[PDB]
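>>> this one's sequence-less:
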Ligand SMILES: *[C@@H]1O[C@H](CO)[C@@H](O)[C@H](O)[C@H]1NC(C)=O
């Protein structure tokens, strides 16, 4: 089989510039052209450029003229992409996609890399602020009740959320994080039987390795 | 490199060959290709069989004098085969 | 300069035949557009399916087949399978560059459809005390993973301040999502009622609350 | 008839040096047909072979459009000498 292993995720500040790798294996490297595709949150998949390992010839998208630079090292069978003048807009996941034809441009995507997550933010490390949330009063919960925590304003990702220090690990819903003005925010909810609440304590454990933070918060019933 | 039947291209070089002539000094470039010939054939087609042929010619020495059909055959046969090789 | 349009999402059953389209804004999708179809599994996995003139990526099942139905590109799956449930992107070639489409979220049902279990949470007094108050709307146990979430403050639709995550897969192959509402402290105190409307398939669930 | 049409095409400002117009700014699509008459003089030493063939190319030049289908005019006109078209 073939593989297209790229470099790991990186985090840099606006104005700087870094270079993503894409080490190929399992085939004649000089025979297949490499594409580079940008997957952002705000925008769809944006094709950047392609580069022919044999000729070294390149063809860029007009949108990325000067923003990207495709090079290639035949010896190590690796494709490189240098992104210059990084801004908040360039924060995305970058893939390297192989062309499918042997020593000719067939114009069709074959194999892809695992992707490289590039985050370009002008933010400092912020410890997470945890706020609880109690259920509403007007409802019929014959079976069970739903409560949760809200982690707001942390940087960078990720944060790990558990319940009762692991005692409650069945029933958890940790939703994806959103980017709310330079800071990240997610919320985790756990559904427990109404008979076990609020008779038994249910606390929210949140850990943030990037700032060495581990704050807890017990959920308190609402009037 | 495989396009050539007779030779195998070993090295390519880009040099300058600017020379001074009676009409003036003219700038000049020179691309150079180096060609080595395929030795494996002549080895296995001529050198190896003929070496064995020379060796075979020696074993007539180890034969007795009375064995005319043995030594005469080997002598003539070995010489005739060598001629074909040359052709 | 040019936009490629796909369907939002399509639903199909195992064994049946589904067709994904790829419409160009510049006109009819001709053969020099070199219709490419890319499959996206969860966890940012990508693979090529159908490309260029009549080329196929290695290992692509026989059920996958490309065509030019009407005046747009088409990706037809004859005899759909459970593992064919992913996001399908089509890319068109305008000679200078490639252009991808919005992508279609194809759902192959491995279980009966499920209505969303939606719950609304008021901003905590600890959070309501300072900075900004936040409404949380957790959506769970819906299938297919396609939901439209609308907000209402004092009966009027909220055009600003709302944010919703992409439907993430659950443990039982269902989907879940969360919606947030950003407001100022004084804003929350003024309005009479808040409401979270979630649209799944053809039905609508409503959660509301006051003060 | 035909000579009457060809003149009308080149009375307007036409430039065979200019690529034909496209509905959406795209590339000119040339459809190619090939007819092989003879294959001969295959050479294994020089890595070459001689081939005689008929090349047929086809493209659309709206500048050269002289009619609608439902007119008394002939579907096609043979281009005479003295008139250049983009190729
Ligand atoms: C080119 O390679 C040959 C051996 O194949 C060598 O003799 C020659 O010096 C080389 N030229 C250079 C400049 O390295």
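Cool, got the structure. Numbering: from 1, shown residues only, chains lettered A, B, ... in the order given.
>>> from here on, contacts and neighbour counts on C-alpha atoms
Fine.
>>> buried residues, stretch B:70-78. List them.
Within stretch B:70-78, the residues that count as buried by 16 or more other C-alpha atoms under 10 Å in any protein chain shown are B:71, B:74-75, B:78.
>>> and which of those residues is nearest to residue D:13?
Distance to residue D:13, by C-alpha to C-alpha, is smallest for residue B:78 among the buried residues of stretch B:70-78, at 85.8 Å.
>>> tell me the secondary structure at the closest one.
helix (DSSP: H, G, I helix; E, B strand; the rest coil).
>>> would you list the buried residues of stretch B:70-78 in TSV and tack on distance to chain D and secondary structure?
Formatted as TSV, the buried residues of stretch B:70-78 follow (distance: C-alpha to the nearest C-alpha, whole Å; DSSP: H, G, I helix; E, B strand; the rest coil):
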residue	distance to chain D	secondary structure
B:71	44	helix
B:74	38	helix
B:75	38	helix
B:78	33	helix
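>>> which of those sits closest to chain A?
Closest approach to chain A among those (C-alpha to the nearest C-alpha): residue B:78, at 50.1 Å.
>>> hang on, that closest one packs against residue B:57?
Yes: contact criterion C-alpha atoms under 8 Å: residue B:78 and residue B:57 qualify, at 6.5 Å.
>>> one step back: closest to residue A:44 out of the buried residues of stretch B:70-78?
Taking these together and measuring to residue A:44 by C-alpha to C-alpha, the closest member is residue B:78, at 80.9 Å.
>>> backbone dihedrals for residue C:175, please?
Backbone torsions for residue C:175, taken as degrees, to the nearest 10, come to phi -130, psi 150.
>>> how much space separates the closest residue to it other than its chain neighbours from chain D?
Of all residues not flanking residue C:175 in the chain, residue C:169 sits nearest, at 4.4 Å (C-alpha to C-alpha, 6 or more residues apart in numbering or on different chains). Taking C-alpha to the nearest C-alpha, to the nearest Å as the measure, residue C:169 falls 42 Å from chain D.
>>> what count of nearby residues applies to residue 150?
Using chain A here. By other C-alpha atoms under 10 Å in any protein chain shown, the residues close to residue A:150 number 23.
>>> right idea, wrong chain: chain C
18.
>>> check the contact between it and residue C:198; I expect there is one.
Yes: between residue C:150 and residue C:198 there is a contact under C-alpha under 8 Å: 6.4 Å.
>>> who touches the helix or strand containing residue A:185?
Per DSSP states H and E: residue A:185 is located in strand A:183-193. Residues from elsewhere that reach strand A:183-193 (C-alpha atoms under 8 Å, 6 or more residues apart in numbering or on different chains): A:123, A:143-157, A:161, A:163, A:171-179, C:138, C:178.
>>> for chain A, what's its nearest residue on chain B.
residue B:1 (15.8 Å).
>>> does that residue belong to a helix, a strand or coil?
Secondary structure, three-state DSSP: residue B:1 is coil.
>>> same thing with residue A:55?
Secondary structure state of residue A:55, per three-state DSSP, is coil.
>>> list, one by one, the residues from chain B near chain D.
Contacts of chain B with chain D, taken as C-alpha under 8 Å from any C-alpha of the partner chain, map to B:3, B:5.
>>> ignore the last one, chain C
C:26, C:94-95.
>>> which of the residues you listed are buried?
Buried by 16+ other C-alpha under 10 Å: residue C:94, out of the residues of chain C next to chain D.
>>> can I get the residues of chain C next to chain D in a markdown table with distance to residue C:110?
Formatted as a markdown table, these follow (distance: C-alpha to C-alpha, whole Å):
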| residue | distance to residue C:110 |
| --- | --- |
| C:26 | 38 |
| C:94 | 38 |
| C:95 | 41 |
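>>> the residue of chain C found nearest chain A: neighbour count?
Across chain C, the shortest distance to chain A (C-alpha to the nearest C-alpha) belongs to residue C:51, at 4.3 Å. As a burial measure, residue C:51 scores 25 neighbours (other C-alpha under 10 Å).
>>> also the one 4 residues further on?
Neighbour count of residue C:55, defined by other C-alpha under 10 Å: 19.
>>> which residues of the chain fall in helices?
Unless you meant another one, I'm taking chain A. For chain A, applying DSSP state H gives no helices.
>>> actually it's chain C I care about, not the one you picked
Under DSSP H, chain C gives helices at C:125-128, C:185-190.
>>> can you tell me which of those helices is most buried?
helix C:125-128 (a mean of 16; mean count of other C-alpha atoms under 10 Å in any protein chain shown).
>>> on that earlier part again, the residue nearest to the residue of chain B closest to chain A when sequence neighbours are not counted sits in which helix or strand?
Nearest residue to residue B:1, sequence neighbours excluded (C-alpha to C-alpha, 6+ apart): residue B:9, at 5.4 Å. Secondary structure from DSSP H and E places residue B:9 in strand B:7-16.
>>> which strands and helices sit next to that strand?
strand B:29-37 (3 or more C-alpha pairs under 8 Å, 6 or more residues apart in numbering or on different chains; DSSP states H and E).
>>> right, I'll leave it there.
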